[PDB]
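Okay, so here's just one chain, in structure tokens, the form deposited in one PDB entry.
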């Protein structure tokens, strides 16, 4: 084929040209940029919540959950990386160490620590199985990392939806390509045994008619679960009732890849879609689309509210960009020239990656620090300049 190959050549040329310009502009756009090459690409990233300060040094040690997807032959791993970060305070020699390498069955599609017990990590893995690990544990006989404490059997195809209930310890939700949502009750209670425990769902939802891409519990209401899907619906589930029926919203006309509930509000929810937009919703009046955030140039896949600032939201796309939105600029006037760059609330575009964004994660221990991964093995840890977000 003659158009495909030369179009891919031209795309790579564009990427290399724009990466060179991005590097030239970094000193004006960032307060920090740390880049680390990984041995394997990761589909997932999450900051763990611990921070270790060292008296007499100007940096702290923090940690990231990572995974692998050799997806053929090589053994996969749930990994924990330890990274130095500078200690900010108000007005490039930093290392990484892969400190834990835990054998994992198949690609690590998604991994999340339990908020109430961060040493417990759930993953979505081979064939649809979910797995539970205790990262403080060891092999029965050796110092090698432990086998899964539990395997969660229920999904019949692989999935990427995974989230813990921040208000009900050990409560887990998963969504997968079998179009099903499984609810689980994980009792770390039970990991006093010489063998991996097998766990079955406490509940299953067959309410979507296509791949379930993302699930999230409302940060402050333990019975409330949001789900989004390739069937182009956002669904709000009450986990007390019986599969009664959820609230269904035709939120976009193309696939919905991610969902994110504001951690500071009761009501504000955002969705990210293959239609290249992020949409905002008020849970008290969920059938009215409040606003549509424009700026990405391809499908939007990642979405996470800032854990420190109520109006700050971030998204990521196969356009290779991570965008940061500031909802306080809703309504501000802009010229049609500026509008070509995006909606008024678009605050910052991170252009440091040179392939599709896999996932990113806000650093809970520092303000305005993001860790992001792309498919070409690159991890970047970065902070936009206080010139841009300050005041």
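Between two forms, the rigid core is defined as the largest C-alpha subset superposing within 1.5 Å. Numbering follows the first chain given and starts at 1.
Novice: Tell me whether residue 237 turns out to be unmodelled in at least a third of the other entries of this protein, restricted to those that model residues on both sides.
Specialist: Other entries vs residue 237: none skip it.
Novice: Please check residue 26 against the other PDB entries of this protein that were compared: is it missing in at least a third of those that model both its neighbours?
Specialist: In none of the comparable entries (those modelling both sides of it) is residue 26 left without coordinates.
Novice: If I compare the deposited sequence with the modelled residues, how many are absent between residue 91 and residue 92: none, 1 to 3, 4 to 9, or 10 or more?
Specialist: Per the record, 10 or more deposited residues are absent between residue 91 and residue 92.
Novice: Look at the stretch from residue 243 to residue 244 and count the residues of the deposited sequence that the entry does not model, then pick none, 1 to 3, 4 to 9, or 10 or more.
Specialist: Per the record, 1 to 3 deposited residues are absent between residue 243 and residue 244.
Novice: May I ask you to compare 151 to 159 and 184 to 192 by their mean CA B factor in the entry and name the higher one?
Specialist: Per the PDB entry, the higher value belongs to 184 to 192.
Novice: Would 123 to 131 or 136 to 144 have the larger average of its C-alpha temperature factors, as given in the entry?
Specialist: Taking the mean B-factor of the alpha carbons in each, 136 to 144 is higher.
Novice: Name the one of 106, 311, 175, 302 with the greatest CA B-factor according to the PDB entry.
Specialist: Highest C-alpha B-factor among the listed options: 106.
Novice: Specify which of 56, 364, 352, 67 carries the largest Cα B factor in the deposited PDB entry.
Specialist: Highest CA B-factor of the listed options: 56.
Novice: Is the Cα B-factor recorded for residue 205 in the lowest, middle or highest third of its chain?
Specialist: It belongs to the highest third of the chain when residues are ordered by C-alpha B-factor.
Novice: Taking the entry's C-alpha B-factors for this chain, is residue 6 in the lowest, middle or highest third?
Specialist: According to the entry, residue 6 has a C-alpha B-factor in the chain's middle third.
Novice: Give the position of residue 329 by CA B-factor within its chain, expressed as the lowest, middle or highest third.
Specialist: Its C-alpha B-factor, which the entry lists for residue 329, ranks in the highest third among residues of this chain.
Novice: Sorting by Cα B-factor within the chain, modelled residues only, which third would residue 218 end up in: lowest, middle or highest?
Specialist: Its C-alpha B-factor belongs to the middle third of this chain's values.
Novice: When the modelled residues of the chain are sorted by Cα temperature factor, does residue 197 land in the lowest, middle or highest third?
Specialist: It falls in the top third of the chain.
Missing here is the form deposited in another entry; even so, the following discussion is about that form.
Novice: Only one of 178, 231, 145, 119 crosses a C-alpha shift of 2 angstroms between the shown form and the other one, counting 2 angstroms or more, core aligned. Which residue?
Specialist: Flagged residue: 145.
Novice: Would residue 338 count as moving between the shown form and the other one, using a Cα shift of 2 angstroms or more after superposing the core as the test?
Specialist: Yes, shifts by 2 Å or more.
Novice: Indicate closer or farther: the Cα atoms of residue 279 and residue 340, in the other form, relative to the displayed form, with a change of 3 Å or more.
Specialist: Distance between the C-alphas of residue 279 and residue 340: longer in the other form, by 3 Å or more.
Novice: Compare the CA separation of residue 335 and residue 276 in the other form with the one in the displayed structure, and answer closer or farther (the difference is at least 3 Å).
Specialist: Farther apart, which means the C-alphas of residue 335 and residue 276 are at least 3 Å more distant in the other form.
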